[PDB]
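Student: What would the 3D arrangement of this be:
(chains A, B, C, D, E, F, G and H)
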Amino acid sequence: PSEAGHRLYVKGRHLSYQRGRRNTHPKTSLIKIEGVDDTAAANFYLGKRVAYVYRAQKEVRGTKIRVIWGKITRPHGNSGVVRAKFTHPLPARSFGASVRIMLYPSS
Amino acid sequence: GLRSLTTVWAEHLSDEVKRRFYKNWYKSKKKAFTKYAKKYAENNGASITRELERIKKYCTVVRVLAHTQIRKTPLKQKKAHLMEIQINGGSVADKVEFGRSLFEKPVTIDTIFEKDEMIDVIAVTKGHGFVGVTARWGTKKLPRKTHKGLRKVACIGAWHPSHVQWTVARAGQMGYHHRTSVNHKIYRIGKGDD
Amino acid sequence: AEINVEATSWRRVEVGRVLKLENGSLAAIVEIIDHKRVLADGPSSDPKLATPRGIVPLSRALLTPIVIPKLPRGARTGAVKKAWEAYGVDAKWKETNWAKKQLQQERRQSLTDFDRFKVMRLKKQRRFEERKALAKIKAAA
Amino acid sequence: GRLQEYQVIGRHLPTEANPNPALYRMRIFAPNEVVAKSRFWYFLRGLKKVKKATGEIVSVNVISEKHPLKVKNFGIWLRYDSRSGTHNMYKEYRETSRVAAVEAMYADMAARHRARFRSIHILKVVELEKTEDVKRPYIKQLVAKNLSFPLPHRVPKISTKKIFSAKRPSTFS
Amino acid sequence: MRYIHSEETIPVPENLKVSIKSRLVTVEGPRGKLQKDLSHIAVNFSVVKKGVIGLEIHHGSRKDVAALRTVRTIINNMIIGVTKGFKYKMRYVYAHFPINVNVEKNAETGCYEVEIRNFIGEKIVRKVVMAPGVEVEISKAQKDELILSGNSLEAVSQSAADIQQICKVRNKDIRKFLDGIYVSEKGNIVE
Amino acid sequence: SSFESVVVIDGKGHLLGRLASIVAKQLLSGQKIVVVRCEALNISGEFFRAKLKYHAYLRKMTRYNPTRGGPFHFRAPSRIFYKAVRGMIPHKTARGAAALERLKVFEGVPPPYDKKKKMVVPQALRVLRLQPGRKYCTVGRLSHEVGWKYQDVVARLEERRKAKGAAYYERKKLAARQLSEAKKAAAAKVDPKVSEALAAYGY
RNA sequence: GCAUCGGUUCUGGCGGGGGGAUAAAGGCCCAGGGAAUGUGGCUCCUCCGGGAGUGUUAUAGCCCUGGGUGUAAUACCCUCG
RNA sequence: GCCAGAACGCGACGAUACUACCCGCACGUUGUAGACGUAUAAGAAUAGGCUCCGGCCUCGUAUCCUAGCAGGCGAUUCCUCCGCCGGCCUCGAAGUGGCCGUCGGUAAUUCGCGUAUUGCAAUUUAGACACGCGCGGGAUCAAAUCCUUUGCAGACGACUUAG
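Tutor: Numbers count the residues shown, from 1 in each chain, chains lettered A, B, ... in the order given. Provided below are the atomic coordinates:
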């Protein structure tokens, strides 16, 4: 009974920082959301919240998993990539990791 | 490339071959193929006949393992030598059947070779310790009035090549190399009992 | 002298051939400008199929099997409409496989969340009788 | 670029010796009326002794195609500058309006003869009324009786973001 | 300048059968069968009438249209060869040293082989093997003739050129030493 | 765009340089790629042009010692494709080094990677890019005239696995034939009203 | 974390007004004049698809000039929300 | 053909004392370039193909699966789907899959009790690979180096031999 799954978020990837050709700015990042292609479709996800979860070694308050919170700021380019800003810049080793895109501030 | 997938041994092995698998044979227990021998006379050797059937099915070339009887020579050494010999024949089934029938049997050289046949010889040449350029490569000797030695090479390179190159003669080890000499002829095969 | 040739055969770009534009519109060719552009229009009562008069590039069009017979070259809008209704182009296109496939799509993009649950339960009810018949046939072999 | 035809009328500044001077009118192809006036002074400086400092513009208007939904043949007379010397040609085009032929001619000369916009003068454009006045052989074939042809080997259109298709495409559209 | 439509036609007599599939032509008639592959040329084949074959090219360039006439005559050669065959003749030309040949029979396979001896008094025996389907004969009509026959023009002609190219004089004035074997006539077996 | 665990690409009919650009972008994003049948790739232009290009490559070698530092010229068709990809990746950094472990290349179809679905990249297919009438060559042929030794072995093995798949097709064809008759027989008999309710929903 | 405001800024949708040949075209209607890549007829040839000639709306239709429906609609430019 | 053989390239076989080996599950200090339905096997042509032989093809915008305390306890109903084991066949490119059987689970239809209080959001601590340990069952009783010696070897190590 109840063989279905449990998912209430959209998966994304952390691509790189915001950069020119030789200078990078760790303040903002670029994230590719799954299934979005044009910049018109990317308008739906403005203002939503995203999270980045990873495993640590030590246990602090009953868990070994930390979270970093952020939100989507504006579209980027013509290919549906978006910009995001987090409370702390991403660890810069997660170029290729996965992040979760919520749907909290709806409509 | 090529790779081997199976191999089978005979039931009984002489003490000559067993010496090859050890570096201190005198104080060992000589248990080389003790557990393997029990594969014979167990389910009528069911395990052995399975591997032979596999070679008839998946293989394309078959080789044979043979060794010498060094005990019949005036040599002081008692450790035999082992090698592989390829069988060139009609069919894969014929190769395995012929090879299996020769277990623990002797073969004489007159069955392999015959008179006035052109063969090749492979071995390792005589060794010399450590030699200079004059004897190793064969360069001209320097004049009699040379300071700091006269059995050398005067110039070993130009300037902006900037490194000693791999094509310049230099001192080192001579001899004890592997060589293959071809096209030798056989005059006579003599029998020992005669 | 029996001759059998198995070669492809396309559809010709002639006068009277009706195209299907990218945004679900129909137009009848009345004049050929180049090998890349044509002049076409379609007078249709249905606002979904109607198109104005103008030039359409041939790389954004598809050739439908319908062709209007004996359409005079360079005819005006009034004469084209007369032949458009007489041949019954609107009824002919409705029964083609291309039209049915598009219609079968449209019902799917407009489905309420409550309606998605409803179609899942109905599919399972029909699926139950399929496995009963499949097992019976497989056992019979 | 994207052009359209104008008419522009000029005049020498009136003086006490010569009141009521003559009036000159030209047809100029230009993207906008700001550069339409500039071309008028350029052509006029080569025919009469009038400048912009001693002249004035009387009127500028826009000429529009009378029947922009009819197919017709055009012929153009022109001169240009090569890398050594000047030459004259006469080419033909097939389309629906007068303005686009000048657009088509500008792109054609830039490719086949490497001639820029700076060095082309247009002498006269006339629409060929009949069918027996077509000269060049690449246009008689487009006016043949009962023209029809297929379109073999046309690539289907696939979204540029959908990588990794799941089956082999076909080219029999 | 790209040409909209270029077309050619090939008639077919009421004696043989022809079938085309995936640009692979098979021609079969009274004297045998031949095949040719034309997958490297973009042509559209069609059946114009009861006994006429049509082929055409759409939107082709000047260079592309050129190949249209090449294809037409090649297929016509196939039809002729299967109903009439081909026949070549050769002659010997020598000043002092006679030329001796020996056309030995099939060498355990379909190929024929021709041996040429005593060319300008040399001790080489030089051997050439013909392509399959080609039969070499020594003529009896008159002296110093070689007759080659077969079904396909490509095989008959290439084998004939092989014999001519092997008899060459080196380090001599070729305007004076006209020794060699040359081809002299081309035609069909029938008529 | 979609995120899969791993994707298998069939290499036959793909242009060498156009396919390598797509692959190098996916690897740096985080995707895993497997390229199969690297001996059936294609290069535009006549074969003689490619041979002259390769011969100029072979002439480069370190002068003072050919065993170190010199450009090592790999001769296998999978290694030629690998060289193209390595030039489009910053392989001298840790980030670039990690990307190369997500790529696998083979000649033929090894036993792990048959019985799998093979995708196709339509932006590098030859039949959709080149103009008809032009000339092209095959990477597999080019490797033969530079020292590749196992061309005929792969040809024999490929004929075996293609014969095995012919028998599998017969079983698959039978299963589809039986399923069609079951749906026709069941749907008529039983369901009174589920049919048209489903039809109005687009199913 | 949410609701109500202030400063800066990016990006969607809707309602109006003006201009030009008071857009040009276009639909319907009235009057006049033409032609061919000649519709229907007629003649000849080909039955093998059809082709050739004559000739101005008929059993298809096209082009040019003037008027009404008109202060028609629409495109482009500017402007008030 | 011939010479070297990656000291971070690979395969076959022999004997393995010291828990070093094999089987079962018990937890978890500890590790990871990054599970959250990680679901899909014909070949071939592209100026031609597929098929259930009636037909079909621009389109993966497809197909399968998908309800219940993170998914309870019973009943009316129904012979469907899934899993651990066992036995026969099969698989060698870097060896995989099939059939049969026992056992355990199971909304296709329709019902009866239980959910609160985590207080208006805070990762939904849930997957599979290794590795360290703790038990209780099975099998097993080996070698290498130093040292003396040899000269087919040798600057010293190393190498060919003997004890």
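
Student: for chain C, what spans make up the strands?
Tutor: C:3-6, C:17-20, C:26-32, C:37-42, C:51-57, C:62-67 (DSSP state E).

Student: Can you say which of those is nearest to chain B?
Tutor: Closest to chain B of the strands of chain C, according to C-beta to the nearest C-beta: strand C:3-6, at 42.7 Å. Where C-beta positions appear, they are placed from N, C-alpha and C, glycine not excepted.

Student: ok, and which of the strands of chain C has the densest surroundings?
Tutor: Most buried of the strands of chain C, by mean neighbour count (mean count of other C-beta atoms under 10 Å in any protein chain shown): strand C:26-32, with a mean of 23.

Student: who does it touch, helix- and strand-wise?
Tutor: Under the contact criterion of 3 or more C-beta pairs under 8 Å, 6 or more residues apart in numbering or on different chains; DSSP states H and E, the helices and strands touching strand C:26-32 comprise strand C:17-20, strand C:37-42, strand C:51-57, helix C:77-86, helix C:89-94.

Student: As CSV, those with distance to chain D would be great.
Tutor: Supplementary listing: these in CSV, determined by distance: least, C-beta to the nearest C-beta, whole Å:
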stretch, distance to chain D
strand C:17-20, 9
strand C:37-42, 7
strand C:51-57, 6
helix C:77-86, 10
helix C:89-94, 18
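
Student: relative to its centroid, which residue of chain B is most remote?
Tutor: In chain B, counting by C-alpha atoms, centre = their mean, residue B:145 sits farthest out from the average C-alpha position, at 49.5 Å.

Student: OK, contacts around the residue of chain C at minimum distance from chain D?
Tutor: Using C-beta to the nearest C-beta, the single residue of chain C nearest to chain D is residue C:10, 3.9 Å away. Residues near residue C:10 by C-beta atoms under 8 Å, 6 or more residues apart in numbering or on different chains: D:150-152, D:172.

Student: For chain E, what lies in contact range of chain F?
Tutor: E:42, E:64 (C-beta under 8 Å from any C-beta of the partner chain).

Student: mind listing the strands for chain E?
Tutor: E:3-11, E:17-21, E:24-29, E:32-37, E:44-49, E:52-60, E:86-93, E:100-104, E:113-117, E:126-129, E:135-138, E:145-150, E:180-187.

Student: Between the ones you listed, which one is closest to residue A:42.
Tutor: strand E:52-60 (41.2 Å; C-beta to C-beta).

Student: Alpha carbons of that closest one, as PDB, please.
Tutor: Extracted as PDB, the C-alpha positions of strand E:52-60 are listed here (Å, rounded to 0.1, in the frame of the first residue of the first chain):
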ATOM      1  CA  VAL E  52      10.700   4.100 -70.700                       C
ATOM      2  CA  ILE E  53      12.800   4.800 -67.600                       C
ATOM      3  CA  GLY E  54      13.000   8.300 -66.300                       C
ATOM      4  CA  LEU E  55      15.500  10.000 -64.000                       C
ATOM      5  CA  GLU E  56      15.800  13.600 -62.800                       C
ATOM      6  CA  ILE E  57      17.500  16.000 -60.500                       C
ATOM      7  CA  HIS E  58      15.900  18.900 -58.600                       C
ATOM      8  CA  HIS E  59      17.600  22.200 -57.700                       C
ATOM      9  CA  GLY E  60      21.000  21.100 -58.900                       C
END
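
Student: Contact partners for residue F:76?
Tutor: F:107, F:143, F:148 are the contacts of residue F:76 under C-beta under 8 Å, 6+ apart.

Student: Would it be right to say that the second one lies in a helix?
Tutor: Yes - Residue F:143 forms part of a helix when assessed by DSSP: H, G, I helix; E, B strand; the rest coil.

Student: So what's the residue count around it?
Tutor: 24 (other C-beta atoms under 10 Å in any protein chain shown).

Student: okay, the strands of chain E in CSV with distance to residue D:81 next?
Tutor: Conversion of the strands of chain E to CSV gives the following (distance: least, C-beta to C-beta, whole Å):
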stretch, distance to residue D:81
strand E:3-11, 33
strand E:17-21, 55
strand E:24-29, 55
strand E:32-37, 53
strand E:44-49, 46
strand E:52-60, 35
strand E:86-93, 62
strand E:100-104, 73
strand E:113-117, 70
strand E:126-129, 66
strand E:135-138, 70
strand E:145-150, 65
strand E:180-187, 59
